[PDB]
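> Mapping of the first sequence onto the entry's author numbering: position 50 corresponds to residue 50, and the numbering continues sequentially without gaps. Ideal placement from N, C-alpha and C gives every residue a C-beta, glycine not left out.
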Amino acid sequence: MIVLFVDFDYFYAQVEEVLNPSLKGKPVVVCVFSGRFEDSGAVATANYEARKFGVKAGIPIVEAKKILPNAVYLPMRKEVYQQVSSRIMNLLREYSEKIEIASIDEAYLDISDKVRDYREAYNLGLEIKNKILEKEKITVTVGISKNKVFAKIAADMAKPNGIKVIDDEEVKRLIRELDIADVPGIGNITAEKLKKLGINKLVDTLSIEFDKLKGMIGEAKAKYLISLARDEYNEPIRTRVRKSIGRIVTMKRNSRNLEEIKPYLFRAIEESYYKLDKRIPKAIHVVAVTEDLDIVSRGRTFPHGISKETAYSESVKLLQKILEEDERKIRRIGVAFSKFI
DNA sequence: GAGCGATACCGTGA
DNA sequence: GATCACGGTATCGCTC
Ligand SMILES: Nc1ncnc2c1ncn2[C@H]1C[C@H](O)[C@@H](COP(=O)(O)OP(=O)(O)OP(=O)(O)O)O1
Ligand SMILES: [Ca+2]
Ligand SMILES: [Ca+2]
């Protein structure tokens, strides 16, 4: 088909800009402060101005305070970013009935029925870029290509504020010339098992025994990467359905004292039942991050919806079950509700 | 041998 | 010093 990918530029930071235009140009850094000491947390994202000296998503707010003592450091209002995403999403529904809202920030259109080629597609790309900018003053990148994977990759080259097609000739080029670490879904641990195998391009994955791939990365990515290289990949745009919802919070001190921890855990459950709104989970899992940073979870499915009072009682039993089965101290604790009715 | 639920793992910031 | 949120998958024991 023809997929159009849209991805909002430096999204949290851009929305901050738009809600107070004085920040434009100045370096802006949206943070997740965790409240264990001064500026304890992580950098959610940062406009490109600030991104120039080292301050990217995921690194600590202290290491970020080093590189730019003088930047503007805002707290993250995810609820705000959501509300304005929702709208941009709604604007994109007037350009195709077939839409995959992939995240708060990304969405794919199956526009094969709305145009006939890549130049007509592309000129849509501008129609849409121009619409979002007029209606909401956000700028976005657009990736156009024959499937969802290569349309994400078109965009991840052209950003920031860009647009790029990948005609079938260019696709042929990249299965050969593109590095496998720049494939959607190939992160660090796997790019390594692939260097450790001589595969450094997609096309390289065809001329190897398939169980050799299967053995290393699993039948899933094996079959994923192969189809991509045989150009036989083709996955349809489909609306996603939230399958889980939860909240993990951080504790001012570590601990394995059940009564010190309970307050944090009941808080994760209120923030969770508010996010749930009208949805009735049948499954609950308690989730401890250890002080080692490994992640542990205990769970229980019921044959019926979970009242909050239930969530409270089961949550505390699932926690005790975690304290017996593991001795480490716990740093962060939260819950996660799934299997909605 | 495979189906199914619990849990851990990886990814991606989809 | 390491947030938070979440989907999709592999692995492990029970089970038929
Ligand atoms: N480690 C992270 N932790 C928390 N939030 C993140 C993280 N990474 C990305 N995000 C959030 C904030 C982003 O504005 C938003 C979109 O992710 P992504 O599109 O890759 O980042 P971005 O919009 O800031 O940069 P880009 O311009 O490359 O798209 O998701
Ligand atoms: Ca993105
Ligand atoms: Ca983005």
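1. Looking at the unbroken alpha helix (DSSP H) that takes in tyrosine 264, where does it start and where does it end?
2. Alpha carbon to alpha carbon, what distance is there between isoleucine 248 and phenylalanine 266?
3. Please return the same chain residues whose Cβ sits closer than 6 Å to the Cβ of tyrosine 264, not counting the five positions on each side in sequence.
4. Among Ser307, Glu177, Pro75, whose alpha-carbon lies nearest the alpha-carbon of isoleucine 280?
5. For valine 316, does the three-state DSSP call read helix, strand or coil?
6. For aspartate 105, verify whether its CB is less than 6 Å away from any heavy atom of ligand 3.
7. With distances taken from CA atoms, which of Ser338, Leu19, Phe37 is nearest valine 62?
8. Judging by CA-CA distance, which residue of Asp168, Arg242, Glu177 is the nearest neighbour of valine 3?
9. Can you tell me the Cα-Cα spacing of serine 244 and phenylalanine 340, whole angstroms?
10. Beta carbon of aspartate 182: closer than 6 Å to some heavy atom of ligand 2?
11. Relative to the C-alpha of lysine 159, which candidate in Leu319, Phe8, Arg77 has its C-alpha closest?
12. Going straight from the alpha carbon of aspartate 294 to that of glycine 125, what length do you get?
13. Let me know the alpha helix (DSSP H) ranges lying completely inside the stretch 166-232, each 4 residues or longer, listed in chain order.
14. Check each candidate in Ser103, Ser86, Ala107 and name the one with the smallest Cα separation from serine 96.
15. Under 8 Å, with one C-beta from each stretch per pair, do the stretch 141-151 and the stretch 228-238 reach the 3-pair mark?
16. Short of 8 Å in beta carbon distance, which residues of its chain neighbour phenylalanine 33, apart from the five on each side in sequence? Order them along the chain.
17. So what does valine 296 bridge to, in DSSP terms?
18. Using C-beta distances below 8 Å, list every residue in its chain close to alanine 151, excluding the 5 sequence neighbours before and after it, in chain order.
19. I want to check one thing, is the minimum distance from the CB of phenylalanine 5 to the heavy atoms of ligand 3 below 6 Å?
20. Could you tell me if the beta carbon of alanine 288 falls within a distance shorter than 6 Å of some heavy atom in ligand 1?
21. I think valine 287 touches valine 335, with their Cβ atoms under 8 Å apart; what is that distance to the nearest whole Å?
Taking the coordinates as given:
1. For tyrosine 264, the uninterrupted alpha helix (DSSP H) segment begins and ends at 258-276.
2. So the two alpha carbons sit approximately 11 Å from each other.
3. Residues of the same chain with a CB within less than 6 Å of the CB of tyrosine 264, apart from the 5 flanking positions on each side, are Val249, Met251, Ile333 in chain order.
4. It is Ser307 whose Cα lies nearest to the Cα of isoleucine 280.
5. Residue state, collapsed to three classes: helix.
6. It does: the Cβ of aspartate 105 is within 6 Å (strictly closer) of some heavy atom of ligand 3.
7. Scanning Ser338, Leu19, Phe37 for the CA closest to the CA of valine 62 turns up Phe37.
8. The shortest C-alpha separation from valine 3 is found at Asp168.
9. So the alpha carbons of these two residues sit roughly 8 Å apart.
10. At a cut-off of 6 Å, the beta-carbon of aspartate 182 does not count as near ligand 2: no heavy atom of the ligand is closer than that.
11. It is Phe8.
12. CA-to-CA, the gap between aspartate 294 and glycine 125 works out to about 42 Å.
13. If you keep only unbroken alpha helix (DSSP H) runs of at least 4 residues inside the stretch 166-232, you get 168-177, 188-195, 210-217, 219-229.
14. Per the Cα distances, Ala107.
15. Flag = yes, the stretch 141-151 and the stretch 228-238 touch.
16. Cβ-Cβ distances below 8 Å link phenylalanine 33 to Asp39, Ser40, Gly41, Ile61, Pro75 in the same chain, with the five nearest sequence neighbours on each side left out; the list follows chain order.
17. DSSP, once it has assigned bridges, lists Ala288 as partnering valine 296.
18. Answer for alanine 151: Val3, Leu4, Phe5, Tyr108, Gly143, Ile144, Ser145, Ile166, listed in chain order.
19. Not one heavy atom of ligand 3 lies closer than 6 Å to the C-beta of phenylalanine 5.
20. Short note on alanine 288: C-beta not closer than 6 Å to any heavy atom of ligand 1.
21. Correct: roughly 7 Å between the Cβ atoms.
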